[PDB]
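Novice: Below is a structure I'd like to ask you about.
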Amino acid sequence: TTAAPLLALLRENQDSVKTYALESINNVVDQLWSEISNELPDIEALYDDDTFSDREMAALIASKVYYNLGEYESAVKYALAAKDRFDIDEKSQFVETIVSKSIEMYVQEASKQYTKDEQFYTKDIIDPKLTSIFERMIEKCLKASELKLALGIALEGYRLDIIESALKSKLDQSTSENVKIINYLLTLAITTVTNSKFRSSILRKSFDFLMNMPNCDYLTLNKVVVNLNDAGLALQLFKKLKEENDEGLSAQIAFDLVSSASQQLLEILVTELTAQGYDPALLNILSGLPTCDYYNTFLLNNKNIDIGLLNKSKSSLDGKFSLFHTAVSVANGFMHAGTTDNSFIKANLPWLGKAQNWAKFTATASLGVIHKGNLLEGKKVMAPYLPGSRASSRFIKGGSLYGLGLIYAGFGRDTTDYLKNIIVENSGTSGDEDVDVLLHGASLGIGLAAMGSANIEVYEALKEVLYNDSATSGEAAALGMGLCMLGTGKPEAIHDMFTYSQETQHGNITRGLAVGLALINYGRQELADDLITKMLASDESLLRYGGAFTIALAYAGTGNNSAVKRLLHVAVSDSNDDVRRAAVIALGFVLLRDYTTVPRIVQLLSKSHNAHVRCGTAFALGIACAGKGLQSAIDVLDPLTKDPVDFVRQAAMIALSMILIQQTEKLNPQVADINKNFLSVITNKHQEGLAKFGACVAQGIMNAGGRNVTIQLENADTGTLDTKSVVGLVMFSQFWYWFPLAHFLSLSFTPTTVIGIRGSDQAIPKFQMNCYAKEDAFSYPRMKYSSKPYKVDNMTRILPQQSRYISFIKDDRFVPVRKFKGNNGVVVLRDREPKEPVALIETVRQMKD
Amino acid sequence: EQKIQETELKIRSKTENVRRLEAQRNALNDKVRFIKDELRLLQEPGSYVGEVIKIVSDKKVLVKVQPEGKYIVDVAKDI
Amino acid sequence: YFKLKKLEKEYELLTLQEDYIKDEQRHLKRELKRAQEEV
Amino acid sequence: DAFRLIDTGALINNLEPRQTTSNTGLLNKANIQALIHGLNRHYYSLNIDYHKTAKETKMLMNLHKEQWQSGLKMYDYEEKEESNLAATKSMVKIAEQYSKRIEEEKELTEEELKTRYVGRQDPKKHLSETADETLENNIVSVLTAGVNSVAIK
């Protein structure tokens with residue numbers, strides 16, 4: 001009925017009569033689409049006709065027919081053909097649908113066209129019909145002051161025109177909203193945009209607006225330099241810092257980037273900045289001279305060892321050979337880290353009597369964490385055990401060379417020349433086992449000193465050690481060369497180290513080379529897929545062990561859906577328990593970004609029958625959940641503690657201490673059960689050696705630095721993430737082979753202190769904010785919004801996470817400026833106008849300065 | 001949020017589909033683990049049968065085995 | 001309104017993570033049935 | 001089982017628990033269970049692992065994995081059916097009775113919504129026993145049909 005006969009009249013003559021016929025159809029296009037469905041071939045056949053001028057009204061009819069037919073994409077073509085009868089300003093569900101479909105089709109096409117050309121939005125490469133609605137709707141949202149739809153689609157659509165045009169027009173320069181708008185772009189572009197080049201342009205475009213520093217935020221400019229690692233933009237800020245004359249304006253950039261950039265980019269801020277000019281006051285700051293001196297004085301003032309709980313752990317039994325005396329020494333050195341005090345080595349005579357030549361190495365290595373951070377007297381501590389002073393034996397002499405590595409790591413350029421001379425002397429031949437110990441300890445020391453820095457002398461010196469095929473020092477060669485190849489690395493060293501793995505079949509060399517090939521692939525992402533294929537195809541157990549962490553390091557930081565798919569396939573098809581354990585641990589390093597989905601994945605794998613998978617997912621859960629929230633992951637590790645298997649409980653106790661750090665005293669109700677298990681596992685005679693070692697080290701991690709330091713992993717506050725923390729966490733999976741890799745965890749332990757730090761040199765004042773604070777201030781090991789101000793302010797542990805709720809009063813005369821930051825681990829921030837006769841209180845700290 | 005709200009149903013749809021398939025895998029994981037745990041019990045040599053005769057303060061009990069002779073054995077630490 | 005566009009990428013992540021486990025569990029349950037008939 | 005002489009295992013000799021899989025002997029059960037901790041002499045710490053090269057890997061896959069089906073193809077399909085011709089017709093009929101006879105015994109315990117015969121493990125007995133029986137019937141149905149199928153005029 002109605003227009004039904006008018007549909008078949010389109011084949012008659014008198015096209016002028018058809019004009020009045022199509023007008024009556026325009027009313028029923030939204031009513032009955034059934035009769036039109038049979039006439040659709042006739043309606044479209046008249047569109048291409050040159051003598052048919054009604055295509056404007058003809059396209060309007062088919063717009064609401066194919067739409068009601070169930071094809072949304074087809075209705076977009078008819079709506080964009082006429083470009084007349086379609087009303088973009090009409091308010092209806094039909095018009096709003098085509099807009100959503102046309103923009104969605106524009107994103108799918110412009111996604112793959114951004115790689116070929118970035119000018120596509122200025123050219124005809126994309127159909128102008130899709131850009132007609134797309135360009136007008138984004139400009140319509142700009143007039144409505146809506147940045148969600150304008151900036152949200154531009155990031156997904158991969159268009160640089162909207163980002164630049166909108167940000168310039170919305171400038172309020174307040175110096176407030178313009179900073180948040182940029183922050184919304186950097187936060188979403190990392191998770192949404194997969195392309196690293198598109199997000200790289202956003203960092204460069206937003207850099208030109210704030211390059212003059214119109215009272216902007218230093219947090220935004222610091223994320224651009226670290227992420228891009230560009231030498232031009234790194235020194236571009238200092239060029240503006242020279243124009244404006246201020247003592248502390250360059251401090252916030254200097255003190256933040258010294259702990260921000262990796263060893264590669266720090267060389268640009270020191271060596272490359274020297275040629276272009278710098279500030280003599282910032283010479284030591286950018287080189288990290290006071291940075292080491294800061295962390296030494298943080299843990300020295302307040303240190304609570306609580307030997308009452310420590311003595312009961314190591315006095316339980318004198319047996320278990322050196323395994324018992326080593327685990328209690330490693331957990332003890334964590335509490336003395338940076339304070340340069342030895343309770344176990346000095347104050348306790350008898351516990352060193354049963355140590356043999358093999359135990360003296362790990363006992364000496366405990367002092368490396370204790371004295372870590374000493375740039376001057378670190379040699380005087382090991383001086384009797386250093387070469388030239390001989391030693392009680394040549395086995396313990398090698399421990400002094402390894403102790404210098406943990407202390408001087410990354411700053412050891414001075415110690416680098418001393419350690420490589422011993423390697424050359426021992427590279428020719430070795431007739432004794434203790435000779436390799438001196439070569440093993442010196443290689444691990446130079447590897448940490450040159451870690452992150454590419455050095456051709458270290459690669460060539462350790463390469464000759466690999467040719468000797470040593471069963472002791474052969475592992476340190478690949479580990480030392482791998483730390484120098486961090487980052488992009490040398491593509492030639494990838495195939496060279498991989499060839500030596502297939503030639504020499506070893507027990508530690510082949511597994512060590514797999515770790516070295518993983519470190520060089522860190523940050524390469526898809527660039528390492530060539531070597532990953534060779535490891536997955538090989539049937540060697542040691543090559544498959546390092547293939548999982550190769551994916552973990554390359555895909556670290558920003559995650560990948562294909563990286564998780566590859567790791568889950570290895571932990572299933574492969575029957576090797578060590579590879580299944582290594583694959584599930586690699587899952588955490590890829591999932592670091594999103595910690596909410598981590599406990600759900602590892603819990604499904606913890607229900608299987610394999611003990612190594614349950615043990616691997618035990619510590620893999622405590623990695624990303626350590627310095628983050630979501631305390632419900634403890635319930636996932638609860639059934640793993642009751643597992644009678646010895647090594648499953650070891651990795652479970654360590655992961656509990658990482659998540660529960662600073663969670664005591666009315667924060668997590670489960671902290672009461674973990675504090676009892678500290679001495680419950682050791683004193684229990686039914687427990688095994690591996691079970692007692694997991695509970696003993698876990699107690700030392702929570703009490704490390706006098707129960708102060710915490711594990712900071714993936715701090716976005718900076719350019720992205722903390723690199724030195726990931727290095728130690730990958731190592732914890734490898735434990736019982738030769739030496740425990742928990743020693744390298746000290747790189748992830750940093751103190752949280754709020755202290756003045758005058759912009760000139762150093763301050764260490766005494767001041768009290770008298771505002772909100774956590775309850776861990778007075779919390780010490782024994783034998784929301786609180787509305788109540790607290791007098792505990794300067795230094796003194798507590799929680800860096802909840803510091804965002806702290807308020808400020810006058811207190812010190814220097815006063816706050818920018819409302820600070822809220823990150824406790826920065827420990828420096830900025831002081832305003834030093835040299836004020838406020839009668840400042842200072843410490844000594846003259847030994848290392 | 002037209003596309004966000006429309007695709008929200010796919011979140012609850014795929015979530016309820018995968019969780020209900022995990023219970024079948026978790027059941028198979030419990031069956032294989034149970035059979036594996038019961039395998040080492042059958043491989044165990046087992047135990048004899050006997051009757052308690054007399055006990056002393058030395059934690060040594062005299063158990064009379066029917067096929068074999070009488071043997072004085074030490075009691076377990078759990079009892 | 002910031003969580004609306006932020007969780008938009010998380011919607012695709014939650015879908016893929018559930019699909020990857022669903023694809024790997026088919027190969028895992030095959031080895032589970034082989035161990036049951038082997039005992 | 002191998003053996004390694006520890007000589008004097010009293011004090012400060014060498015550390016066995018390093019290489020691989022040590023500190024065994026949980027409770028009184030170790031191997032035969034009579035050795036427990038001390039094993040033979042001063043805890044020789046038994047560890048044994050195997051290995052395979054490139055030639056030994058392809059050899060075992062082409063020879064013995066579970067059973068040897070290689071070297072000939074269509075005989076293993078036919079001979080299994082030919083020897084079972086009188087058996088398959090029998091086994092389908094014999095197992096047909098025992099399939100329902102189990103279903104006609106334990107399943108009758110659970111009938112109404114309330115408790116009648118007090119079924120406990122009975123509904124789970126006939127489910128697990130007949131789970132493979134229904135699977136084996138579908139396997140032999142394809143094998144009997146598949147061998148006679150696939151061309152051969």
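Residues in the structure tokens are numbered from 1 in each chain, the chains being A, B, ... in the order shown, and ligands are numbered from 1 in the order shown.
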Chain D residues within 12 Å of chain B, counting only C-alpha atoms: which ones, as an mmCIF file with N, CA and C atoms, in the first residue's frame?

Specialist:
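The resulting out_34.cif:
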data_model
loop_
_atom_site.group_PDB
_atom_site.id
_atom_site.type_symbol
_atom_site.label_atom_id
_atom_site.label_comp_id
_atom_site.auth_asym_id
_atom_site.auth_seq_id
_atom_site.Cartn_x
_atom_site.Cartn_y
_atom_site.Cartn_z
ATOM 1 N N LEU D 27 61.108 -37.309 54.684
ATOM 2 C CA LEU D 27 60.626 -38.309 55.651
ATOM 3 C C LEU D 27 61.538 -39.536 55.536
ATOM 4 N N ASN D 28 60.990 -40.748 55.569
ATOM 5 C CA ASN D 28 61.779 -41.965 55.446
ATOM 6 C C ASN D 28 61.794 -42.532 54.032
ATOM 7 N N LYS D 29 61.137 -41.876 53.078
ATOM 8 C CA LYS D 29 60.979 -42.411 51.730
ATOM 9 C C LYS D 29 62.045 -41.811 50.819
ATOM 10 N N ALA D 30 63.017 -42.631 50.424
ATOM 11 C CA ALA D 30 63.942 -42.289 49.349
ATOM 12 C C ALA D 30 64.191 -43.538 48.522
ATOM 13 N N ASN D 31 63.863 -43.480 47.229
ATOM 14 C CA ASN D 31 64.030 -44.621 46.334
ATOM 15 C C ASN D 31 63.365 -45.869 46.903
ATOM 16 N N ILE D 32 64.171 -46.892 47.203
ATOM 17 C CA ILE D 32 63.666 -48.120 47.807
ATOM 18 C C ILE D 32 63.076 -47.858 49.190
ATOM 19 N N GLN D 33 63.340 -46.680 49.762
ATOM 20 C CA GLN D 33 62.863 -46.153 51.036
ATOM 21 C C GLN D 33 63.686 -46.666 52.216
ATOM 22 N N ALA D 34 64.569 -47.647 52.022
ATOM 23 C CA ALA D 34 65.421 -48.112 53.109
ATOM 24 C C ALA D 34 66.654 -47.238 53.311
ATOM 25 N N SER D 128 31.491 -42.244 34.905
ATOM 26 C CA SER D 128 32.901 -42.387 34.557
ATOM 27 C C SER D 128 33.187 -43.694 33.828
#

Novice: With a distance cut-off of 8 Å and only C-alpha atoms, select the neighbouring residues of segment 9-13 of chain D, excluding the residue or stretch itself and same-chain residues fewer than 6 positions from it, and output the selection as a list in words.

Specialist: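 Those residues are residues 321, 354 and 356 of chain A; 42 of chain D.
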
Novice: Which residues of chain A sit at most 12 Å from chain D, using only C-alpha atoms? Give each one's shortest atom pair and distance in Å (one decimal place), in chain and ascending residue order, as a tab-separated table.

Specialist:
residue	atom	partner	partner_atom	distance
A:318	CA	D:11	CA	11.4
A:319	CA	D:11	CA	9.9
A:320	CA	D:17	CA	9.1
A:321	CA	D:15	CA	6.9
A:322	CA	D:15	CA	7.6
A:323	CA	D:17	CA	8.3
A:324	CA	D:17	CA	11.5
A:353	CA	D:12	CA	10.7
A:354	CA	D:12	CA	7.7
A:355	CA	D:12	CA	8.2
A:356	CA	D:12	CA	6.2
A:357	CA	D:12	CA	9.0
A:358	CA	D:15	CA	8.1
A:359	CA	D:15	CA	9.5
A:502	CA	D:54	CA	11.5
A:505	CA	D:53	CA	11.0
A:507	CA	D:19	CA	9.6
A:508	CA	D:19	CA	10.5
A:538	CA	D:54	CA	10.0
A:539	CA	D:54	CA	8.7
A:540	CA	D:52	CA	9.0
A:541	CA	D:51	CA	9.5
A:542	CA	D:51	CA	11.8
A:578	CA	D:20	CA	11.8
A:644	CA	D:26	CA	10.1
A:645	CA	D:26	CA	10.0
A:646	CA	D:23	CA	9.7
A:647	CA	D:21	CA	10.6
A:685	CA	D:27	CA	10.7
A:686	CA	D:27	CA	8.2
A:687	CA	D:26	CA	9.3
A:688	CA	D:23	CA	7.8
A:689	CA	D:23	CA	7.3
A:690	CA	D:23	CA	8.6
A:691	CA	D:23	CA	11.2
A:735	CA	D:18	CA	10.2
A:736	CA	D:18	CA	6.5
A:737	CA	D:19	CA	6.2
A:738	CA	D:18	CA	7.1
A:739	CA	D:18	CA	9.4
A:740	CA	D:18	CA	11.0

Novice: Select from chain A every residue with an atom at most 12 Å from any atom of chain C, then for each give the shortest pair of atoms and their distance in Å to one decimal, using only C-alpha atoms, rows by chain and rising number, as CSV.

Specialist:
residue,atom,partner,partner_atom,distance
A:146,CA,C:1,CA,10.4
A:147,CA,C:1,CA,10.0
A:148,CA,C:1,CA,7.3
A:149,CA,C:5,CA,8.9
A:150,CA,C:5,CA,11.4
A:151,CA,C:5,CA,10.0
A:152,CA,C:5,CA,6.7
A:153,CA,C:5,CA,9.4
A:154,CA,C:5,CA,11.9
A:155,CA,C:5,CA,10.6
A:156,CA,C:9,CA,10.0
A:180,CA,C:2,CA,11.5
A:181,CA,C:2,CA,11.2
A:183,CA,C:2,CA,11.3
A:184,CA,C:2,CA,8.1
A:185,CA,C:2,CA,10.9
A:186,CA,C:6,CA,11.8
A:187,CA,C:6,CA,8.7
A:188,CA,C:6,CA,6.5
A:189,CA,C:6,CA,9.9
A:190,CA,C:9,CA,10.5
A:191,CA,C:9,CA,7.0
A:192,CA,C:9,CA,5.9
A:193,CA,C:9,CA,9.4
A:194,CA,C:9,CA,10.8
A:559,CA,C:13,CA,10.2
A:560,CA,C:13,CA,9.6
A:561,CA,C:16,CA,7.2
A:562,CA,C:20,CA,9.4
A:563,CA,C:20,CA,10.9
A:564,CA,C:20,CA,8.2
A:565,CA,C:20,CA,6.2
A:566,CA,C:20,CA,9.7
A:567,CA,C:24,CA,10.5
A:568,CA,C:24,CA,7.0
A:569,CA,C:24,CA,6.5
A:570,CA,C:24,CA,9.8
A:571,CA,C:28,CA,9.6
A:572,CA,C:28,CA,6.0
A:573,CA,C:27,CA,7.4
A:574,CA,C:28,CA,10.5
A:575,CA,C:31,CA,10.1
A:587,CA,C:17,CA,12.0
A:591,CA,C:17,CA,11.0
A:593,CA,C:10,CA,11.5
A:594,CA,C:10,CA,9.3
A:596,CA,C:14,CA,10.6
A:597,CA,C:14,CA,8.2
A:598,CA,C:17,CA,10.7
A:600,CA,C:17,CA,10.3
A:601,CA,C:17,CA,8.7
A:602,CA,C:21,CA,11.4
A:604,CA,C:21,CA,9.4
A:605,CA,C:21,CA,10.2
A:608,CA,C:32,CA,10.1
A:609,CA,C:32,CA,9.7
A:610,CA,C:32,CA,11.5

Novice: Using only C-alpha atoms, which residues of chain C come within 12 Å of chain D, and what is the closest atom pair for each, with the distance in Å to one decimal? Give it as a tab-separated table, sorted by chain and residue number.

Specialist:
residue	atom	partner	partner_atom	distance
C:33	CA	D:132	CA	11.2
C:34	CA	D:66	CA	11.3
C:36	CA	D:132	CA	11.7
C:37	CA	D:132	CA	10.4
C:38	CA	D:66	CA	10.7

Novice: Could you save the residues just selected, with N, CA and C atoms, as a short mmCIF file (atom, residue, chain, number, x, y, z; two decimals), in the first residue's frame?

Specialist:
data_model
loop_
_atom_site.label_atom_id
_atom_site.label_comp_id
_atom_site.auth_asym_id
_atom_site.auth_seq_id
_atom_site.Cartn_x
_atom_site.Cartn_y
_atom_site.Cartn_z
N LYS C 33 44.44 -35.98 28.82
CA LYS C 33 43.78 -37.26 28.55
C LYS C 33 44.79 -38.36 28.25
N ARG C 34 45.95 -38.00 27.70
CA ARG C 34 46.98 -39.01 27.43
C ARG C 34 47.59 -39.55 28.72
N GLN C 36 46.01 -39.81 31.59
CA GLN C 36 45.03 -40.62 32.30
C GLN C 36 44.99 -42.04 31.77
N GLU C 37 45.03 -42.21 30.45
CA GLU C 37 45.02 -43.54 29.85
C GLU C 37 46.37 -44.24 29.98
N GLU C 38 47.44 -43.50 30.24
CA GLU C 38 48.76 -44.11 30.38
C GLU C 38 48.94 -44.79 31.73
#

Novice: Write down as a PyMOL selection string the residues belonging to segment 622-732 of chain A that are assigned helix (DSSP H, G or I) by DSSP computed on the backbone.

Specialist: chain A and resi 622-624+633-641+646-659+671-683+689-702+704-707+723-731

Novice: For a quick check of understanding, using only C-alpha atoms, which of B:74, B:58, B:68, B:22 has the smallest distance to chain A?

Specialist: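 Looking only at the distances to chain A, the closest residue turns out to be B:22.
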
Novice: Set the cut-off to 7 Å and count only C-alpha atoms: what are the residues of chain B that reach chain C? Output as a PDB file with C-alpha atoms, in the first residue's frame.

Specialist:
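What ended up in iface-v2.pdb:
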ATOM      1  CA  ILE B   4      32.185   1.795  23.701  1.00  0.00           C
ATOM      2  CA  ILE B  11      33.093  -8.117  27.349  1.00  0.00           C
ATOM      3  CA  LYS B  14      33.296 -13.612  26.226  1.00  0.00           C
ATOM      4  CA  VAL B  18      35.805 -18.543  29.056  1.00  0.00           C
ATOM      5  CA  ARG B  25      39.981 -27.683  32.578  1.00  0.00           C
ATOM      6  CA  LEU B  28      40.794 -32.244  34.370  1.00  0.00           C
ATOM      7  CA  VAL B  32      45.289 -35.808  36.399  1.00  0.00           C
TER       8      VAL B  32
END

Novice: For a quick test of understanding: name the residues of chain B lying within 8 Å of chain A when counting only C-alpha atoms, and present them as an MDAnalysis selection string.

Specialist: chainID B and resid 2:3 22 26 29:30 32:33

Novice: Would you mind exporting N, CA, C and O atoms of the selected residues as a short mmCIF file (atom, residue, chain, number, x, y, z; two decimals), in the first residue's frame?

Specialist:
data_model
loop_
_atom_site.label_atom_id
_atom_site.label_comp_id
_atom_site.auth_asym_id
_atom_site.auth_seq_id
_atom_site.Cartn_x
_atom_site.Cartn_y
_atom_site.Cartn_z
N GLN B 2 29.29 5.75 21.93
CA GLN B 2 28.37 4.90 21.17
C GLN B 2 29.00 3.56 20.85
O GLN B 2 28.37 2.51 21.00
N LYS B 3 30.26 3.57 20.41
CA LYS B 3 30.96 2.33 20.13
C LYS B 3 31.42 1.63 21.40
O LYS B 3 31.48 0.39 21.44
N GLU B 22 36.84 -22.90 32.01
CA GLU B 22 37.96 -23.14 32.91
C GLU B 22 37.62 -24.19 33.96
O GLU B 22 38.50 -24.93 34.41
N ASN B 26 39.96 -27.06 34.94
CA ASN B 26 40.34 -27.22 36.34
C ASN B 26 39.92 -28.58 36.89
O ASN B 26 40.59 -29.12 37.77
N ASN B 29 42.50 -30.86 35.45
CA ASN B 29 43.74 -30.66 36.18
C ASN B 29 43.71 -31.35 37.53
O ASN B 29 44.75 -31.83 38.01
N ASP B 30 42.54 -31.40 38.17
CA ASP B 30 42.43 -32.09 39.45
C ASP B 30 42.41 -33.61 39.28
O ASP B 30 42.91 -34.33 40.15
N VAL B 32 43.94 -35.37 36.75
CA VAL B 32 45.29 -35.81 36.40
C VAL B 32 46.21 -35.72 37.61
O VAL B 32 47.05 -36.60 37.84
N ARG B 33 46.08 -34.65 38.40
CA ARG B 33 46.91 -34.52 39.60
C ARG B 33 46.56 -35.59 40.62
O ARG B 33 47.45 -36.10 41.32
#

Novice: Quick one: residues within 7 Å of segment 117-122 of chain D, only C-alpha atoms counted, chain neighbours fewer than 3 positions away excluded, as an NGL selection string?

Specialist: :D and (106-107 or 109-110 or 125)

Novice: By how many Å are atom CA of residue 40 of chain B and atom CA of residue 35 of chain D apart?

Specialist: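 Computing it gives 17.4 Å between the two atoms.
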
Novice: Mind giving me the straight-line distance from atom CA of residue 777 of chain A to atom CA of residue 711 of chain A in Å, one decimal?

Specialist: 17.8 Å

Novice: One decimal, in Å: what's the spacing between atom CA of residue 418 of chain A and atom CA of residue 464 of chain A?

Specialist: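 Between these atoms lies a distance of 17.8 Å.
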
Novice: Write out as a list in words each polymer residue whose atoms come within 9 Å of residue 302 of chain A, counting only C-alpha atoms; drop sequence neighbours fewer than 5 positions from it.

Specialist: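 Once the adjacent positions are removed, what remains is residues 705, 706, 708, 795 and 796 of chain A.
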
Novice: Would you kindly return, as a list in words, each protein, DNA or RNA residue with an atom no farther than 9 Å from any atom of residue 468 of chain A, considering only C-alpha atoms and excluding same-chain residues fewer than 2 positions away?

Specialist: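 Contacts, with the query itself left out: residues 427, 428, 429, 430, 464, 465, 466, 470 and 474 of chain A.
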
Novice: Give me a file of those residues, with N, CA, C and O atoms, as an mmCIF file, in the first residue's frame.

Specialist:
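What follows is the written file out36.cif:
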data_model
loop_
_atom_site.group_PDB
_atom_site.id
_atom_site.type_symbol
_atom_site.label_atom_id
_atom_site.label_comp_id
_atom_site.auth_asym_id
_atom_site.auth_seq_id
_atom_site.Cartn_x
_atom_site.Cartn_y
_atom_site.Cartn_z
ATOM 1 N N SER A 427 93.272 -14.675 31.079
ATOM 2 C CA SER A 427 92.595 -15.102 29.860
ATOM 3 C C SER A 427 93.384 -16.162 29.102
ATOM 4 O O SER A 427 92.791 -16.956 28.363
ATOM 5 N N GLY A 428 94.706 -16.189 29.263
ATOM 6 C CA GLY A 428 95.531 -17.137 28.540
ATOM 7 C C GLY A 428 95.291 -18.581 28.928
ATOM 8 O O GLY A 428 94.963 -19.411 28.074
ATOM 9 N N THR A 429 95.447 -18.895 30.212
ATOM 10 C CA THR A 429 95.237 -20.254 30.691
ATOM 11 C C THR A 429 94.962 -20.216 32.187
ATOM 12 O O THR A 429 95.275 -19.240 32.872
ATOM 13 N N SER A 430 94.365 -21.299 32.682
ATOM 14 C CA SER A 430 94.115 -21.472 34.106
ATOM 15 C C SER A 430 94.413 -22.914 34.484
ATOM 16 O O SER A 430 93.874 -23.842 33.874
ATOM 17 N N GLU A 464 87.693 -13.795 25.056
ATOM 18 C CA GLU A 464 88.781 -14.757 25.192
ATOM 19 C C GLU A 464 88.534 -15.720 26.347
ATOM 20 O O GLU A 464 88.992 -16.867 26.303
ATOM 21 N N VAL A 465 87.824 -15.272 27.384
ATOM 22 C CA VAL A 465 87.465 -16.165 28.480
ATOM 23 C C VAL A 465 86.494 -17.235 27.996
ATOM 24 O O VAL A 465 86.544 -18.388 28.440
ATOM 25 N N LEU A 466 85.607 -16.874 27.067
ATOM 26 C CA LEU A 466 84.650 -17.834 26.531
ATOM 27 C C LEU A 466 85.339 -18.921 25.716
ATOM 28 O O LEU A 466 84.854 -20.058 25.665
ATOM 29 N N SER A 470 85.737 -22.367 30.377
ATOM 30 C CA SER A 470 85.871 -22.566 31.812
ATOM 31 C C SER A 470 84.522 -22.911 32.430
ATOM 32 O O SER A 470 83.499 -22.299 32.112
ATOM 33 N N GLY A 474 83.249 -19.128 33.069
ATOM 34 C CA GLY A 474 82.643 -19.065 31.750
ATOM 35 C C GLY A 474 81.264 -18.441 31.731
ATOM 36 O O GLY A 474 80.836 -17.943 30.685
#
